[PDB]
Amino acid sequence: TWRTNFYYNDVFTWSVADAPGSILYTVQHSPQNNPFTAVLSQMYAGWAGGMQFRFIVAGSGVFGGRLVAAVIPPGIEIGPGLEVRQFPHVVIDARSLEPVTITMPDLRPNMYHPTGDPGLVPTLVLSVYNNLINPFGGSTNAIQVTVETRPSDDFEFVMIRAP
């Protein structure tokens, strides 16, 4: 189905100008981060469970540099000097050919979350850990990173919404 495949959600740019600690991508955990859960969330009041995010770095396994994708607990705001490796995180190397996937989990497995006004949910943040390096000639000094998502196996919608 749609819930077993990853689907394109977004894209962001990573350039040699983005210094360590810069945040290049951020998103609150929500059904709006997948195009199918975004549709279905309009007919349910509640949801629960994780969402997987898969990043493909278009650096032809050649560029140097690294991002850290980290899951930030609710009501912690993240700055640019902010350490994130204390949070559940995965490292994304510019030279990797393969996709790197991170699970944004449900941090409150105790209570269904609203599909409406979200309350207190985790945030996914992607920050520069090592500077992007274009070895040798540019003039390509920026690359793109695609973001695709799929609901985790524990993702669910509940409570039909009164229309």
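From 1 onward, residues are counted along the sequence shown.
- Across the two stretches, 113-121 and 40-48, the PDB entry reports the greater mean Cα temperature factor for 113-121.
- The stretch 2-10 shows the higher mean C-alpha B-factor when 152-160 is compared against 2-10 in the entry.
- Taking the deposited Cα B-factors for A69, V100, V128, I133, the highest one is held by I133.
- Across the residues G137, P105, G64, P35, the deposited record lists the maximum Cα B factor for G137.
- Ranked by C-alpha B-factor against the other modelled residues of its chain, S15 falls in the lowest third.
- In this PDB entry, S22 carries a Cα temperature factor that places it within the middle third of its chain's modelled residues.
- Placement of the Cα temperature factor of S30 within the chain: lowest third of the modelled residues, per the deposited record.
- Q144: CA B factor in the middle third of modelled residues in this chain (values from the PDB entry).
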